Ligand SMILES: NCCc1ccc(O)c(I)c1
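In the form deposited without the ligand, a lone chain appears below as structure tokens.
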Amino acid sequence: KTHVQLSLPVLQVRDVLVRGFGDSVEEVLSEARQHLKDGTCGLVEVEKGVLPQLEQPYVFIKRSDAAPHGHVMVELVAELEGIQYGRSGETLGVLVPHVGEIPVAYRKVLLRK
């Protein structure tokens, strides 16, 4: 399927144990997509002071359209040293590995895969 319904656990930035997906734009997009397929991906909501506490390159989920079955349609955009790889809508959050952190909420998304 071109899209997959996921429910992503929303993590507090200070709880995250693994603060990025890897060391290059191509690697972090690859690993993010793998962890989304495997159900091992969390979401951190972006506010003042959040991104400097995480590791670059960043992977964002961004709104791709204006929401089937309560799932916002999203796609992946990476960022490294202020350059983005991909073009999309509003940021819903930054993706990180999930390794058993307790979430505060869930974010229903339809991931363009």
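Just count from 1 along the sequence shown to find any residue number.
FYI, the form deposited with the ligand bound isn't displayed, but the following is about it.
- Taking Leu54, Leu36, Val44, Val77 one by one, only a single residue has any non-hydrogen atom within 4.5 Å of the ligand in the deposited bound form, and it is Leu36.
- The closest non-hydrogen atom of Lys108 lies beyond 4.5 Å of the ligand in the deposited bound form.
- Along 1 to 20, residues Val4, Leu6 each place a heavy atom within 4.5 Å of the ligand in the deposited bound form.
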